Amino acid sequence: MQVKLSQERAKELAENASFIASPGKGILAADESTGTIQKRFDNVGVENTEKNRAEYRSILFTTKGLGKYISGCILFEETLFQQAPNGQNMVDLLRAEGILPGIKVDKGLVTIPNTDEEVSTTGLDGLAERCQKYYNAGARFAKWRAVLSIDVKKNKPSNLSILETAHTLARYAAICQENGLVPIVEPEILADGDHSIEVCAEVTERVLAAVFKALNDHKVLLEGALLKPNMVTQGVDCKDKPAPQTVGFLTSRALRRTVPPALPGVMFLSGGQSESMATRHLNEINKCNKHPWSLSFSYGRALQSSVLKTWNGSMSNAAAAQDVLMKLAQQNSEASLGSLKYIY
């Protein structure tokens, strides 16, 4: 347990972060907790037993050739320590595909006092010890989700929300790096509400400027980190649908205006977007310019909805489910290279 980051440990983080950011690859977010996976399984009539969770994840992680398109897979703690039905460790299934295991290390959201229901992410207590344990089990990257809301009538996100988001993300990132894990820094601005794409662009640029200043103040090594931001879109209830081209351009611009080139990758979240839109948008983001970091994906639902539906709880559909995962992984791989087959 050492406090100052050494050249050798910085190097391992940098190499791992660059690997995860490999051109044409992205992240499979398979890190649903027991409560979250309950809803996904409810949607397809499948009972949420530990057995069914092991079966479903083993199907994902034995998808032949998945490693051609997936560089990392974020796990929930259960799955990181779990074996598949045939006795193989989940981590060893990932290794066999050439996929780095990752681990969700946050403990969920609580309300910030004297805000209108804005939130803080918990989990700093014991984080170093959890990181050490996860590293020893084979995890090489981590994930922590902060959440911000846009509400123009209520002046959201508040200063206090942004300040809390930035400080706490920076602490988590510094602690990860101290204990061998590449942090994925995730400041998710929700798309809830009826604000325009212009308001999202303005909010996203301010938020990211604060987040990167904080990472600098906390001595986070950007070479050994990744960003997982929202794309810049209109709100879910906004009546003005911009083109996917405008989403692409304003997302690229927000990032070009705020993200230093030393960061090796930006791995987008898809939020409530459909499988198709999540891919089309990533493609548009990449086509509109040359960028000094990889622009790729860290998708959960946008890689799994159709897969869950196809599996439908039966090993007889395992092969079919795996093919659906490969199609989605493949199209997102192409979208990350801008190859799917100025506003100041």
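Residue positions are given as counts along the sequence shown, with the first one as 1.
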{"query": "Unmodelled stretch of the deposited sequence separating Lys341 from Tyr342, binned as none, 1 to 3, 4 to 9 or 10 or more", "finding": "10 or more"}
{"query": "Between 66-74 and 27-35 (mean CA B-factor, as deposited), the higher", "finding": "27-35"}
{"query": "Between the two ranges 285-293 and 43-51, the one averaging a larger CA B factor in the entry", "finding": "43-51"}
{"query": "Among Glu198, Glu164, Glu97, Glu118 - the residue whose C-alpha B-factor is largest in the record", "finding": "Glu97"}
{"query": "Residue of maximum C-alpha B factor among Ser252, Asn86, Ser158, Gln132, per deposited coordinates", "finding": "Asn86"}
{"query": "Third of the chain's Cα B-factor distribution that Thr79 belongs to, per the entry", "finding": "middle"}
{"query": "CA B-factor ranking of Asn179, expressed as a third of its chain", "finding": "middle"}
{"query": "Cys238, C-alpha B-factor rank within chain (lowest, middle or highest third)", "finding": "highest"}
{"query": "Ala128 - which third its CA temperature factor falls in, relative to the rest of the chain", "finding": "lowest"}
{"query": "CA B-factor ranking of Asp192, expressed as a third of its chain", "finding": "highest"}
